Amino acid sequence: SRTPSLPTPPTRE
Amino acid sequence: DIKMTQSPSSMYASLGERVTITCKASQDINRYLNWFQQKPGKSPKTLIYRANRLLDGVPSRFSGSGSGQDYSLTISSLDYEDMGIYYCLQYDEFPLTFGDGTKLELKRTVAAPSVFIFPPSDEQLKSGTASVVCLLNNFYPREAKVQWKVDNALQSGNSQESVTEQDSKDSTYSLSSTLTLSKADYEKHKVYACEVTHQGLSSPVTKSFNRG
Amino acid sequence: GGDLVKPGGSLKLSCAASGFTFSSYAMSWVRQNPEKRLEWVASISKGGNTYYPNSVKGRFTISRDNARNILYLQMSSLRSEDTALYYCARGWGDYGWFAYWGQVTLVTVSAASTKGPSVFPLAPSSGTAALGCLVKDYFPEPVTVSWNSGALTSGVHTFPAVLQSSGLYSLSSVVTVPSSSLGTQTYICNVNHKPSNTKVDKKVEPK
Numbered sequence: 210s211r212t213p214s215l216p217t218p219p220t221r222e
Numbered sequence: 001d002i003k004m005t006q007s008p009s010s011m012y013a014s015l016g017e018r019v020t021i022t023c024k025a026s027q028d029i030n031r032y033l034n035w036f037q038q039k040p041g042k043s044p045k046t047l048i049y050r051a052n053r054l055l056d057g058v059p060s061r062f063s064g065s066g067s068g069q070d071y072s073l074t075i076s077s078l079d080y081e082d083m084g085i086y087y088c089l090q091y092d093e094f095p096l097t098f099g100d101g102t103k104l105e106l107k108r109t110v111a112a113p114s115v116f117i118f119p120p121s122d123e124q125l126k127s128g129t130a131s132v133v134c135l136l137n138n139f140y141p142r143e144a145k146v147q148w149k150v151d152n153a154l155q156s157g158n159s160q161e162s163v164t165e166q167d168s169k170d171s172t173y174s175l176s177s178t179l180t181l182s183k184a185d186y187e188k189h190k191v192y193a194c195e196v197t198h199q200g201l202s203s204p205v206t207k208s209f210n211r212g
Numbered sequence: 008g009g010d011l012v013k014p015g016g017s018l019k020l021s022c023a024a025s026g027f028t029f030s031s032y033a034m035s036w037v038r039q040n041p042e043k044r045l046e047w048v049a050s051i052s053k054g055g056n057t058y059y060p061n062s063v064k065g066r067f068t069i070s071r072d073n074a075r076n077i078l079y080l081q082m083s084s085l086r087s088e089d090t091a092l093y094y095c096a097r098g099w100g101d102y103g104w105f106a107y108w109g110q111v112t113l114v115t116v117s118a119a120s121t122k123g124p125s126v127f128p129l130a131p132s133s139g140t141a142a143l144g145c146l147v148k149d150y151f152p153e154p155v156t157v158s159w160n161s162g163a164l165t166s167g168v169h170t171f172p173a174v175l176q177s178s179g180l181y182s183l184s185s186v187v188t189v190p191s192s193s194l195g196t197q198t199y200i201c202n203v204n205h206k207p208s209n210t211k212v213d214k215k216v217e218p219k
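Residue numbers (the entry's author numbering), protein chains in the order written: chain E, 210 to 222; chain B, 1 to 212; chain A, 8 to 133, 139 to 219.
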């Protein structure tokens, strides 16, 4: 129900 | 910086028509590409991620494709709600970079403008400045050339113009152009003319007045 | 209408979250300049790591409060070229940084002082006639224009403003009406410039 912790976008550099 | 180039800058299309627009990166961006849609006066809305996946709620008439440097967005069957500006963006590398956008507009028949010219008011002339205004009303398509001539000398660098959004009920445009001179200069000439070239006209239309 | 700042000055934008779990997402600022180009301004990861383009590095600071659920943009050394609509946005993972777009704020960086407009008639020329009002030399945007207190809406076109070299804005509003009615009918344009609390009415008639 509550949004979990999410990955940062994979953008490099 | 990865340069994003969108083509075309604008295009007209009909309801139900299949529409494809293109985005090219200056290097391989590995399908890290978003597409966004923005309607006039509204915030952008995100349609596509990873070059070809739709965000939840995006209608299935939308699809994306491509890889490496070359990408596209397709609307299988254009609806009225789909008019607006489409932007791409790469998030393969920092800095994050946008394309300049592709504008989708509704196609209709050619309509020549009605042209009007307005001299400055006496009230304005008491301020030391004179504005001459040219109106192009209800035309299609948007592309038009407007020239100012004073005693038949072509003017340059002293006018500005502005254009409406496509009209929601007849799909036409209107355009305003303002020539701005000092009162001293305005009083030094007689003939003020606005000359309009447009696809719907078989020769240029000139509206003019004589000062006084 | 929006935040106004002199060149070189400072501003802090804030964006309060509602309808999602703020601490889960990467948050970003994006701006749209007067020529409708979009430009990335700053991003911050859920844990507080920051990312910037060179155009704002050293001048702008992005930060977040994961307890009060607020995003901030602190702006320093503002330039007239920073004039724009500023958006708050959120994202994560393969969706990218701008999956959902938030609250917008207009920021105008200019040396100009707030000023109400002058309104001049665009007089119908000596079966359809055009007439209007030139709304000139005001700051900042916006102005609103109506005709005959809103009774006249058909055939009205109000144009986007242009920024003059003086730093002041200018715009025109026009309407087309039957030539026949030029004698029997009264046409008045109603101008409102809320930023300066100025209301002007101009009656437009054949010279």
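Backbone N, C-alpha and C fix where the C-beta goes; we use that ideal spot for every residue, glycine too.
Leaving out the 5 sequence neighbours to the left and right, which residues in its chain are closer than 8 angstroms to residue i when beta-carbon positions are compared?
i	result
B:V110	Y140, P141, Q199 and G200
B:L55	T46, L47, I48 and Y49
A:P152	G8, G9, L11, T115, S117, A119, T121, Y181 and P207
A:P14	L85, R86, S87, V116, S117 and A118
A:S192	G139
I need the boundaries of the alpha helix (DSSP H) containing residue i, first residue and last residue.
i	result
B:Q124	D122 to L125
Please report how far the alpha carbon of residue i lies from the alpha carbon of residue j, in whole angstroms.
i	j	result
B:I2	B:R61	29 angstroms
residue 136 of chain A	B:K103	Residue numbering in chain A jumps from 133 to 139; residue 136 of chain A, which lies between, is not modelled.
A:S52	A:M82	19 angstroms
A:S166	A:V187	8 angstroms
A:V147	A:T121	15 angstroms
B:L175	B:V163	4 angstroms
B:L135	E:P213	57 angstroms
A:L18	A:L113	12 angstroms
A:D213	A:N202	5 angstroms
B:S171	A:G195	31 angstroms
B:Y86	B:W35	7 angstroms
B:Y32	B:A13	28 angstroms
A:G144	A:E217	9 angstroms
B:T97	B:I29	11 angstroms
A:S158	A:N61	44 angstroms
A:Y102	A:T68	24 angstroms
B:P40	B:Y71	25 angstroms
B:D122	B:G157	24 angstroms
A:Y93	A:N160	35 angstroms
B:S203	B:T197	7 angstroms
CB-CB under 7 angstroms to residue i, same chain, minus the five flanking residues each way: which ones, in chain order?
i	result
B:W148	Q155, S159, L179 and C194
A:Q110	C22 and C95
B:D82	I75 and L104
B:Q27	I2 and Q69
A:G16	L85
By Cβ distance, which residues of its chain are closer than 6 angstroms to residue i, with the 5 residues on each side in sequence left out?
i	result
A:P154	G8
A:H205	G123, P124, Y150 and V155
A:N40	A91
B:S67	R31
A:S70	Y79
Between which two residues does the beta strand (DSSP E) holding residue i run?
i	result
A:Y181	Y181 to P190
A:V147	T140 to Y150
B:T22	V19 to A25
A:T170	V168 to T170
A:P128	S125 to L129
B:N52	Premise fails: B:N52 is in no beta strand (DSSP E) and is neither H nor E.
A:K214	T210 to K215
- Residue ranges of each beta strand (DSSP E) within the region 41-68 of chain A, 3 or longer: 45-51
- Item | Selection of the region 102-118 of chain B by Cβ proximity to chain A, strictly under 8 angstroms | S114, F116, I117 and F118
- Scan the region 80-102 of chain B for residues whose Cβ lies nearer than 8 angstroms to a Cβ of chain A and list them as they occur along the chain. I85, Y87, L89, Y91, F94, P95, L96, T97, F98, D100 and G101
- Query: Counting only runs that start and end within the region 76-146 of chain B, where is the alpha helix (DSSP H) found for 4 or more residues in a row?
  - Reply: 122-125
- Task: Ignoring anything shorter than 4 residues or poking outside the region 147-205 of chain B, list the alpha helix (DSSP H) runs there in chain order.
- Result: Taking 4 residues as the minimum length, the alpha helix (DSSP H) runs contained wholly in the region 147-205 of chain B are 183-186, in order along the chain.
- Entirely within the region 68-123 of chain A and at least 3 residues each: give me those beta strand (DSSP E) ranges in chain order. Every unbroken stretch of the beta strand (DSSP E) spanning 3 or more residues and falling wholly within the region 68-123 of chain A is given here in chain order: 77-82, 91-99 and 103-116.
- Task: Could you run through the region 14-38 of chain A and flag, in chain order, every residue whose CB is less than 7 angstroms away from some CB of chain E?
- Result: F27, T28, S31, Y32 and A33
- Message: Output needed in chain order: residues of the region 55-70 of chain A with a Cβ under 7 angstroms from some Cβ in chain E.
- Response: Here the close residues number zero.
- In chain order, what residues of the region 25-51 of chain B put their CB closer than 9 angstroms to some CB of chain A? Those would be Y32, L33, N34, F36, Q38, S43, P44, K45, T46, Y49 and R50, in chain order.
- Interfacial residues, the region 120-137 of chain B to chain A, with Cβ spacing under 8 angstroms: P120, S121, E123, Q124, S127, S131, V133, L135 and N137
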